[PDB]
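Presented as structure tokens, the chain that follows is alone, the form deposited in one PDB entry.
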């Protein structure tokens, strides 16, 4: 019936909204901030500088705000930001940024990060993502809204996981995953679009069909990527949903003068 367990350790410099809860044997280190309504389980380690928003649930054996062990990082003061309404399940690791990117690891709102997931330095997670058990973002990975990374999905540094994209269990992602796309295997290859994601968002059935077509343009017609982007111009102007897709491919590929 008492919010901060007396067997937890709270740095004087940490700053908790009053109705925060911290379970027994949890450490809330210096420079950690925790928002209205957040619940910290038993045996959690928070290190900062780290800003956690409201209504987060962080489960046992999680390390949130540790330094990345990557030799690149040499002790510079770098940040972790986690938004509102996230659930961080048991044993998750989330590391702070590195000064060679934007010095921040960033998690939005309403995400579900399942047991043993790992969220490496400088990674950016948007909103409503699901990282299933043991998903690992190596570093500087961007995961846009509604993405679902199935169990034990691995993501190479710098890859972008597009909105509503979906990886199958054990996927090893080496390159960007365009919005809506489903990918499978080691290495990750594209199979289809996430029609289920599209239903659950109540996408019009013209938009669902347009996105099937945009898939075929990119993947099943021998277009080069530059050829696909050009063909997609029309659909992208017709349908905001296709434009999200065109844009995710556009961002992955600048190229070099040939």
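We call the rigid core the largest set of C-alpha positions that still match within 1.5 Å between the two forms. Numbering follows the first chain given and starts at 1.
Novice: Can you tell me which stretch has the higher mean Cα B-factor, 74-82 or 121-129?
Specialist: Taking the mean C-alpha B-factor of 121-129 and of 74-82, the larger value falls to 74-82.
Novice: C-alpha B factor of residue 215, ranked within the chain: lowest, middle or highest third?
Specialist: For residue 215, whose C-alpha B-factor we compare with every modelled residue in the chain, the answer is the lowest third.
Novice: Check where residue 102 lands among this chain's C-alpha B-factors and tell me if it's the lowest, middle or highest third.
Specialist: Its C-alpha B-factor belongs to the highest third of this chain's values.
Novice: Per the entry's values, where does residue 32 land by CA temperature factor relative to the rest of its chain, in the lowest, middle or highest third?
Specialist: According to the entry, residue 32 has a C-alpha B-factor in the chain's highest third.
Novice: What third of its chain's C-alpha B-factors does residue 205 belong to: lowest, middle or highest?
Specialist: It belongs to the highest third of the chain when residues are ordered by C-alpha B-factor.
Novice: Based on the deposited C-alpha B factors for this chain, I'd like to know if residue 221 is in the lowest, middle or highest third.
Specialist: Highest third - that is where residue 221 ends up once the chain's C-alpha B-factors are sorted.
One more form of this protein, deposited in another entry, exists but is not displayed; see below.
Novice: After fitting the rigid core, tell me which of 189, 206, 70, 36 has its Cα displaced by at least 2 Å between this form and the one not shown.
Specialist: So the residue whose C-alpha moves 2 Å or more is 70.
Novice: Once everything's superposed on the core, is residue 251 shifted 2 Å or more at the Cα between this form and the one not shown?
Specialist: No.
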